[PDB]
Structure formats: C-alpha cells, structure tokens
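Protein chains in written order, with PDB author numbering: chain A, 654 to 703; chain B, 53 to 296, 375 to 569; chain C, 554 to 603; chain D, 904 to 949; chain E, 304 to 403.
One structure below.
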Amino acid sequence: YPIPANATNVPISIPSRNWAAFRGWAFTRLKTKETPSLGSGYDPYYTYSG
Amino acid sequence: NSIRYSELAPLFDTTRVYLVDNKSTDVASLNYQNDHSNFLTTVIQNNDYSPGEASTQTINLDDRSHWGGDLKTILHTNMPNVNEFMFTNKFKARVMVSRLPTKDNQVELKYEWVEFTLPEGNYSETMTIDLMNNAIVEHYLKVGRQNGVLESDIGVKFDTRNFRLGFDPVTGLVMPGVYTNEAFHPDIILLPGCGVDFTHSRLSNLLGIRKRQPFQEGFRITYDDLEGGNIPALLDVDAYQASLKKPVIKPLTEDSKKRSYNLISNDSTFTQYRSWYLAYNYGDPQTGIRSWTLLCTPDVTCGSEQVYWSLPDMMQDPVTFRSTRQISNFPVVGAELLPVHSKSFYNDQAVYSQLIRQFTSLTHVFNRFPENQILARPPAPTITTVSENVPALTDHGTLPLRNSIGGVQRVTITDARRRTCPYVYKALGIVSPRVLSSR
Amino acid sequence: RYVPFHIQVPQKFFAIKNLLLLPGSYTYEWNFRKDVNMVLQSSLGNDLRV
Amino acid sequence: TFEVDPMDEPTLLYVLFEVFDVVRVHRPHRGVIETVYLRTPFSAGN
Amino acid sequence: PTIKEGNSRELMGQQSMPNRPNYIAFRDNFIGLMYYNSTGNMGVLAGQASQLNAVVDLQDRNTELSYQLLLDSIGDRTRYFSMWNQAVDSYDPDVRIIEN
Numbered sequence: 654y655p656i657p658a659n660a661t662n663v664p665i666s667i668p669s670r671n672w673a674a675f676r677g678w679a680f681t682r683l684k685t686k687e688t689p690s691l692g693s694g695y696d697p698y699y700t701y702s703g
Numbered sequence: 053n054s055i056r057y058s059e060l061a062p063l064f065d066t067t068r069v070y071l072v073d074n075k076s077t078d079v080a081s082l083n084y085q086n087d088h089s090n091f092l093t094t095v096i097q098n099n100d101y102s103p104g105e106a107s108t109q110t111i112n113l114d115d116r117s118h119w120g121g122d123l124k125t126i127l128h129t130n131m132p133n134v135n136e137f138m139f140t141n142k143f144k145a146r147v148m149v150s151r152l153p154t155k156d157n158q159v160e161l162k163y164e165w166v167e168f169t170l171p172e173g174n175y176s177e178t179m180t181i182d183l184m185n186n187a188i189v190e191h192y193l194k195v196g197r198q199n200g201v202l203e204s205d206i207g208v209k210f211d212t213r214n215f216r217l218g219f220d221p222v223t224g225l226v227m228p229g230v231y232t233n234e235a236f237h238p239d240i241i242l243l244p245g246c247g248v249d250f251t252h253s254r255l256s257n258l259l260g261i262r263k264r265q266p267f268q269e270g271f272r273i274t275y276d277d278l279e280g281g282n283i284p285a286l287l288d289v290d291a292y293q294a295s296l375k376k377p378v379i380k381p382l383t384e385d386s387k388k389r390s391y392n393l394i395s396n397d398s399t400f401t402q403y404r405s406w407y408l409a410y411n412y413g414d415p416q417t418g419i420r421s422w423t424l425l426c427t428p429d430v431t432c433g434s435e436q437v438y439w440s441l442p443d444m445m446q447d448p449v450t451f452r453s454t455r456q457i458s459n460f461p462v463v464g465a466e467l468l469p470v471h472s473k474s475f476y477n478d479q480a481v482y483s484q485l486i487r488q489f490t491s492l493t494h495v496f497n498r499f500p501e502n503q504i505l506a507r508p509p510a511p512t513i514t515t516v517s518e519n520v521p522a523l524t525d526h527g528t529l530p531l532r533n534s535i536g537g538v539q540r541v542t543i544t545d546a547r548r549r550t551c552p553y554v555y556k557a558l559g560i561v562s563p564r565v566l567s568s569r
Numbered sequence: 554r555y556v557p558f559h560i561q562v563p564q565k566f567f568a569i570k571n572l573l574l575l576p577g578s579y580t581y582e583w584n585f586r587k588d589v590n591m592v593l594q595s596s597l598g599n600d601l602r603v
Numbered sequence: 904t905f906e907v908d909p910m911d912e913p914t915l916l917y918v919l920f921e922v923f924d925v926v927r928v929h930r931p932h933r934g935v936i937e938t939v940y941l942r943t944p945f946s947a948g949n
Numbered sequence: 304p305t306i307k308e309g310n311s312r313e314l315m316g317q318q319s320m321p322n323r324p325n326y327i328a329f330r331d332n333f334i335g336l337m338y339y340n341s342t343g344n345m346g347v348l349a350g351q352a353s354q355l356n357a358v359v360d361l362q363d364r365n366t367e368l369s370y371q372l373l374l375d376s377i378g379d380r381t382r383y384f385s386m387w388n389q390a391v392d393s394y395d396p397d398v399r400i401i402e403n
C-alpha cells in the first residue's frame, strides 16, 4: 500500500478472515521510486537501478 | 464422499472445482508477462479473505476417490480478417523491377523479389482483395520507376471479375465490347515474369484458390500449370457493328488505352494473360487446373480449424495424453471451435463496383489503373465474405480427473497454431465432478 | 562492456531445495526476467535500460 | 493505527504478516508426483 | 569560463572533476536473476505422466527475501566466494556513521 507526501497516517483495513495460526509481525519501508509492483520482466515504470 | 476447501463447510455429491477469472483480474503477479492464453487463474474464489491471494490453495477431490467431470469454455479470441498473426498479410510473388538499355536494341529479362505490405483492419471481399492490389501500386514506383518497368506487364495483380463469360465463341475474342463484370469467382492475372505463391503464405482457403490436398507445400500455377484457352480481349473496341472491314484481324494496337495491350500486335485470339479460371471446368482437365487446385465458395477466415483448449491440471490425461506444462506443448483435452463462424450475406454493393466503389474515397492509393479493362478494382460476387465476431458456445468430451488437482490450474488457449492468441478478455471453466468408483 | 563469461546460475524456492528425486519420467520448465534494469545492480543509482 | 516519521517521497510501507506455507513431496508411482501446498494464516492449504 | 569550443585563451580556469564511481554486475548472491513471486510464466515442475506444478506464487508472498534470512544461520554472509556474491551489500560503518 502506498504512502505519499503530506500523508503521514495510513492504516490497514481487512474484512472478516478465517486465519488460524500466527507467529507475529515484521514491517519496514520500500520505495516506489526504486521498484514498482513487480510480477513480470517488461515494466516501463522501473527507471532506477539502485 | 465429499470435496475439500479452506476452513469452511464441504458439501455431499456433485460439488464444484473452479477456474474463475475475477480473482485473476486484479493481481499483479498472476498475469503480467503472458496474456489470457496461458495465464494463472487461482482454482480459488476465497471470499473469506483478501481478494486474489489464496494461490497455494486448491479445491481438492478427496484422496479417497478418483472422480470425473467436464470443462466449460466461453471463448472470446476474436481474430480479424487482415492481421500480421494470420496468413493474409504477406505474400511473396514475382514482380517486374528492372528495365534499362544495356546493350544494342534487345530488352533484357530481369527479375527480383521484394516485400509487400497492406493496410490491416478491413474485412470485406470488396476490400480484402482490393488492398492486395495496393501491394503493386506501392512497389513499381519506389524501385521500378527510376530503374524499371512500365504500366504494361503488371504482375502480382489480384482480380475478381471473370474472364470466360466474355468469350463469345464466334471468331475468338469479344466482338463488340469488353469482359464480363458481375457475380463470379475471384481469380488472379499472371504475366511474362510473374507467379503468385499461395502455400508460402497459406492463402488457399480464403481468396478463391484452394487445394485438393492442403498438405504439400510448394504452389504451382506460375504461368506454367495454367493452360487451355487464353483470356479474351478486344479486337477493336471502336469498329464491330459501326463502319463497313470485319475488324477481327486488326485488334488492340490502336484503341482506348495504349499500353502495348497484351493482345499481341496484329493477332486473332491469343492474349498474353494467363489466368486461373480460363480452363477449370471449361475445356480439358488433366495437368492444368482441376487436378491440383479447385473452385470453392469463399470463407472470410480459415474456416473451422481445430483448437486445443485445456484446464490440464485437473484432468490427468483424459484418454491419450502426455504432460509438459509450459507454453510449447500443452496436453490436449479434445477439439473445440474457435469463434470465427463464417457469415455471408446477400447484397449488391460488390457487383456494382465499377462506378461507385472506385470513386467514393478520393485518392490514388486504392486504385491507379482506371480503364485499361483487365487490371482494375475488384468487384466481388452477390454473396460476399463478412467477418463477424460473436462469442460461440462449444465444449469438449468426457474423461476422469486427478487425485490432487494442484495449487494452480492453468487456463489454456491453444489457438490456430500452438502458441498464444493476442486478442482475449474471456477465459473460464465452471466444472462439476461426479461419483463413479472407489480406488 | 563486452564479455564472454559463464557461471552456474540459481534456483531458490523452498519446495525445490533439499529434494532427493525418485527415478522415472519428469518435466522441468522455467523462464527468465529479461529487463536489464532489474537484473543488475548500480553503485550510484543509474539506469541501464534507459 | 500506524504512524511514521514525516513523509517526503512516495513510499510503500512493506508490512509482513507471519503466515505459514509448507509442501509435501508425494511419490505413489516412480515418476508421478502428487502436489499439495498450504499457506494457512492466509486462507490457503490442502 | 566561456562558450568557445574550437580555440580560446579563456579556458584557463578549466579544471578536472572525475566521474562518479559506479559498478554494474550481478545483485548479491545471484538475486533477481530469475523470477520470484511472478506467475505469468511460473517455475513449473511437471512430469511425463504428472500434470501438476511446483510454483504457486503471489504478490503477497516472499521468495526473494528468503535466501538471505534463512541463510543467516549457516555462517556469516561475508565470506569470499565468486560464483554467488556471498559477501553481501554492506555499508562502511566509518562512512554512513561519521567518525568526526
């Protein structure tokens, strides 16, 4: 989920779900500038290489 | 002896095993490299979690049983009449390119083969054959004007107007006027240095010329096999039944258009034009036309060529099939019909083409030869080829299924050739299994 | 720039890793991400494909 | 109810939920594989 | 100093700034070479009899992050090897944190 400029407060909302097990949580940050929502080779969005 | 699904309630008998498309529409990593042809729909429509994420999940036929079912195909692979991916947009044929004074007085016979490109998108019979004439108008000017040939021995010319309903059997040629111009079979003009190659392009089942055996590759009607009775001509379009000479002897050196008309200078009946229709049913068939080629009612697309659709993960192999899963050789589950159902209408916007259809679009690109009266705008039959695209309902046979279905079921479109089809939006498979016998 | 060089290249899925295959008859199918931008790193952050 | 230090560039806050996805490599016949996967804390399994 | 490109006296204050250092080869331990979490064309393992697959990936899944996090236990990922870039992208503690 994207977080842009001048919007520092973004939560997650998911409907009723039947999940059974759970080990815990781990979150960190990724940039849209240095990678897109990838699932293929050919993507014109990727203009960086860092 | 029920089914299995993720953390919900099973049912009793006659339950489902899905191939739904909606969950495959939003995901960025199921279909992003390949098209709808061999994409990855989840077996799963899990409404009790985040949409399109239960990918490792599969609706399972129990380890207890070995069931059997059917496949649903609602296909929308709409292939147009003229495109790069179907055999109508290229043909390799002999055009006259080069003519220049080299030695004393004699003209050298020189020949080359160069590409042809046509506008793609049209469907009509008064437009498919019409823009194959454009291939000529485009060639003999770029290479063949400064270094080559005149508007006389025009090769690779695609016609439709008939020739042997002009031959009035009295002296030889047409006595008062010109060739016939109504509803007849489409055929091709070939001249001293010309020959249209069909099987090189696989243009047999479309234009007008077909094979008895669409198996051999190497087409031959290159002004070699076409022989019997040559193409009628005009003797003197200006003198029969007007002034009295019986002008059957003095023919077509001095008339309406002087391009050294292919009816030889002071001849009786023989014209240099060697075409397809002239000796099929009219004359002697042995080595000529009927033996290797045939006359047929035209179809817009290739017809009904057998397509090899599958949802293979679920049916291990129905009766006689070996498995290799990527996009080279998908295991077949039967023969289906691709949505290219031929439509033919009766109208007369094609018969009347010599006056209206030539002038409607104001350009010199559609046609460049107006009234030479052998090589011009094609006038199609009363019953024309109309490319109509409609989602048609057709399905496979019957076979038993797998023990485990596997995490992802792959919806397959194996079209005309064993590869991807570019133009798709629909790809489904509503499946219902049923009980037979235990293991 | 121009290099003739060869190496054995990876396969990293959990399912495939420490598996001892039984004898018989099998099939093994793969693909590659072809875009130059994503496959190779940059030490300043400058594009290759672009 | 997430809160981060002031944002400047468009960035995706990558959050992992600890899910559980395991296989089992079946071989009833020599050459034939029976496949079954399961991501449980994500409505997936069997 | 000045625009003149052919010949000029006024290129006396013209100096030399070297280009920014940057090197391009394989991403650490062969990462990003093949697709991981990309099932347009999947890493399918089938059989001459077997119809089934071995890859069932999604955008909500990690496979790129796996081969470094689990491999953290089997030695420190710094040791010198040429095939896989077994020494992993690591900043200088002297450079990022300034020792002024």
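The beta carbon of each residue, even a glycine, is placed where N, CA and C say it ideally should be.
Beta carbon proximity, residue i to chain A, threshold 7 angstroms
i      : result
B:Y101 : yes
C:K587 : yes
E:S376 : no
C:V603 : yes
B:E269 : no
Chain D within 7 angstroms of residue i, Cβ atoms only
i                      : result
residue 405 of chain E : This structure gives no information on residue 405 of chain E, because the portion of chain E shown stretches from 304 to 403.
A:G703                 : no
E:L355                 : yes
B:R68                  : no
E:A352                 : yes
C:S578                 : yes
Of the listed residues the options, nearest to residue i (C-alpha basis)
i      : options                           : result
E:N388 : C:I560, C:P576 and C:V556         : C:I560
B:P500 : B:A510, B:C551, B:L170 and B:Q488 : B:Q488
E:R364 : D:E937, D:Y917 and D:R930         : D:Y917
B:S567 : B:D115, B:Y57 and B:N497          : B:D115
B:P103 : B:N186, B:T77 and B:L529          : B:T77
E:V391 : E:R399, E:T381, E:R323 and E:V398 : E:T381
Host alpha helix (DSSP H) of residue i (start-end)
i      : result
E:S369 : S369 to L372
E:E313 : Element bounds for E:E313: n/a, residue is neither H nor E.
B:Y192 : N186 to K194
B:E164 : Counting along the chain, B:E164 falls outside any alpha helix (DSSP H), and DSSP gives it neither H nor E.
B:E177 : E177 to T180
Short CB-CB distance (under 7 angstroms) between residue i and chain C
i      : result
D:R927 : no
A:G692 : no
B:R197 : no
D:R930 : yes
B:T454 : yes
A:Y699 : yes
Three-state secondary structure (DSSP) of residue i
i      : result
B:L92  : strand
C:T580 : strand
C:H559 : coil
B:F236 : coil
B:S76  : helix
B:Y407 : helix
B:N112 : strand
B:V481 : coil
B:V538 : strand
CB contact check: residue i to chain E, cutoff 7 angstroms
i      : result
D:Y917 : no
C-beta neighbour in chain B for residue i, strict 7 angstroms
i      : result
D:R933 : no
E:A390 : no
E:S369 : no
Span of the beta strand (DSSP E), counted from its first residue to its last, around residue i
i      : result
D:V918 : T914 to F920
B:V516 : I513 to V516
D:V935 : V935 to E937
B:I261 : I261 to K263
Is the number of C-beta pairs between the stretch 360 to 368 of chain E and the stretch 337 to 344 of chain E that are closer than 8 angstroms three or more? yes
So, do the stretch 465 to 477 of chain B and the stretch 514 to 531 of chain B have three or more beta carbon pairs nearer to each other than 8 angstroms? yes
Segment contact flag, the stretch 168 to 186 of chain B with the stretch 278 to 290 of chain B, C-beta cutoff 8 angstroms, min 3 pairs: no
Is it a yes or a no for the stretch 520 to 537 of chain B touching the stretch 110 to 120 of chain B, going by three-plus beta-carbon pairs under 8 angstroms? yes
Cβ contact (3+ pairs, closer than 8 angstroms) linking the stretch 399 to 408 of chain B and the stretch 234 to 243 of chain B: yes
Any contact between the stretch 428 to 441 of chain B and the stretch 542 to 549 of chain B? By contact I mean 3 or more CB pairs, one from each, below 8 angstroms. yes
Assess contact between the stretch 259 to 270 of chain B and the stretch 415 to 423 of chain B, defined as three or more Cβ pairs (one per stretch) separated by less than 8 angstroms. Is contact present? Contact holds: three or more Cβ-Cβ distances are below 8 angstroms.
contact_flag[the stretch 128 to 135 of chain B, the stretch 552 to 565 of chain B] where n(CB pairs < 8 angstroms) is 3 or more: yes
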